[PDB]
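2 protein chains.
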Amino acid sequence: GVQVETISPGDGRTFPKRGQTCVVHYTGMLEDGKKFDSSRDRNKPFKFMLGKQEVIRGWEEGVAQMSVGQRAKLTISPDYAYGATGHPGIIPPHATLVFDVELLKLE
Amino acid sequence: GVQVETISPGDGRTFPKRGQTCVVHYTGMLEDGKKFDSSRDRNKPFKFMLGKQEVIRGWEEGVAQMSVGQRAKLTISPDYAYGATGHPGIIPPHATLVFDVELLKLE
Ligand SMILES: C=CC[C@@H]1/C=C(\C)C[C@H](C)C[C@H](OC)[C@H]2O[C@@](O)(C(=O)C(=O)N3CCCC[C@H]3C(=O)O[C@H](/C(C)=C/[C@@H]3CC[C@@H](O)[C@H](OC)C3)[C@H](C)[C@@H](O)CC1=O)[C@H](C)C[C@@H]2OC
Ligand SMILES: C=CC[C@@H]1/C=C(\C)C[C@H](C)C[C@H](OC)[C@H]2O[C@@](O)(C(=O)C(=O)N3CCCC[C@H]3C(=O)O[C@H](/C(C)=C/[C@@H]3CC[C@@H](O)[C@H](OC)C3)[C@H](C)[C@@H](O)CC1=O)[C@H](C)C[C@@H]2OC
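Listed in order, the protein sequences are those of chains D and L. Residue numbering for the first sequence follows my numbering, beginning at 104 and increasing consecutively. Residue numbering for the second sequence follows my numbering, beginning at 104 and increasing consecutively.
So, in structure tokens, the structure goes:
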């Protein structure tokens with residue numbers, strides 16, 4: 104499933120609804136902290152909409168639990184991410200993923 | 104995992120090794136038989152190599168158990184395919200996939 108652990112609290116009242124665009128910054132890491140990707144390194148937020156199979160399920164369920172301005176660590180089991188296959192040449196088979204996500208705005 | 108059920112036997116001696124190119128024809132279906140893709144409909148075999156995260160894990164383990172000329176049904180659990188996310192706009196969350204695969208040749 105997905106576990107959400109809060110680094111900095113959000114506003115406690117504006118939570119993502121389907122059809123809104125979530126604007127986020129993220130750093131993706133393996134369980135030992137090794138970074139494989141980051142939008143912060145590109146200085147460009149990532150945007151996506153809930154409800155459209157646009158992101159791995161771990162993100163669809165984890166970001167829905169965050170309010171605007173919150174920064175959280177999402178730990179996602181392989182079945183809610185790339186499972187037994189992994190993602191070619193970046194993520195191994197059976198990997199639990201850790202994302203540092205900041206929900207900046209809803210559009 | 105992956106279950107392999109044989110429709111027509113292969114030669115019983117030439118099995119795929121890593122670094123060989125497998126040439127196949129396939130039809131992918133949901134568990135109720137609804138077709139979502141087929142190389143046979145495009146009249147063009149699909150080619151891939153074992154060992155390179157080029158296909159879902161269910162195929163890497165299932166085709167390794169087939170010999171040249173064999174036609175088999177591969178039933179693949181969601182964790183060995185697209186898990187809880189699915190594949191956007193084609194495959195739902197938590198779907199077991201059935202592939203009719205024919206191993207035509209190894210290159
Ligand atoms: C159309 C092609 C390019 C298109 C690319 C972008 C818009 C640029 C965007 C910043 C992605 C990154 O590009 C630098 C890069 O992000 C990762 O590094 C990563 O951190 C990650 O895991 N993320 C990204 C941030 C949201 C969560 C997750 C994801 O859900 O990502 C999604 C993903 C890969 C899901 C698959 C989709 C197929 C399903 O079958 C499978 O389901 C099992 C899950 C991405 C957003 C796709 O929806 C759309 C894309 O692919 C991947 C390790 C590899 C990925 O590059 C491809
Ligand atoms: C570079 C982009 C285009 C590139 C496309 C081709 C060479 C054309 C090729 C005939 C694919 C089909 O195009 C008509 C189409 O085949 C499906 O319909 C399907 O029947 C299927 O399931 N197949 C295809 C036959 C082998 C098994 C499986 C697969 O393993 O496919 C792989 C797959 C999607 C794996 C993801 C990769 C990311 C991982 O993170 C994730 O791991 C959880 C698993 C394909 C071969 C990729 O390796 C490479 C591609 O994507 C998918 C439902 C959607 C897919 O279109 C994209």
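Ideal Cβ placement from N, Cα and C applies to all residues, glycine included.
- Here the distance from the Cβ of residue 190 of chain L to the nearest heavy atom of ligand 2 is below 7 Å.
- Using a CB distance below 7 Å, no part of the segment 116-139 of chain L faces chain D.
- Counting only the Cα atoms, residue 112 of chain D lies some 60 Å from residue 111 of chain L.
- The Cβ of residue 154 of chain L sits no closer than 8 Å to any Cβ of chain D.
- A direct Cα-Cα distance of roughly 9 Å separates residue 153 of chain L from residue 166 of chain L.
- Annotation: residue 179 of chain D to residue 114 of chain L spans about 43 Å, alpha carbon to alpha carbon.
- For residue 178 of chain D, the closest Cβ of chain L is not nearer than 8 Å.
- For the pair residue 107 of chain D and residue 189 of chain D, the Cα-to-Cα distance works out to about 22 Å.
- Among the CB atoms of chain L, one or more fall inside 8 Å of the CB of residue 188 of chain D.
- Boundaries of the alpha helix (DSSP H) around residue 164 of chain L: 160-166.
- Close to chain D, meaning a Cβ-Cβ distance shorter than 8 Å, is no residue of the segment 164-178 of chain L at all.
- Against residue 182 of chain D, the close residues of chain L are 181, 182, 186, 187, in the order they occur along the chain (beta-carbon pairs closer than 8 Å).
- Contacts with chain L at 8 Å (Cβ-Cβ) do not include residue 143 of chain D.
- Residue environment analysis places residue 195 of chain D among the exposed positions, since fewer than 16 neighbouring C-beta atoms fall within 10 angstroms of its C-beta.
- Non-local beta-carbon contacts of residue 142 of chain L in its own chain, meaning distances under 7 Å to residues more than five positions away in sequence, involve 128, 129, 148, 149 in chain order.
- With fewer than three CB-CB distances shorter than 8 Å, the segment 131-140 of chain L does not count as touching the segment 157-171 of chain D.
- Under the criterion of beta carbons closer than 8 Å, residue 171 of chain L and residue 208 of chain L qualify as touching, at roughly 7 Å.
- Neighbours of residue 210 of chain D in chain L, taken as residues whose beta carbon is under 8 Å from its own, are absent, since the nearest beta carbon is some 20 Å off.
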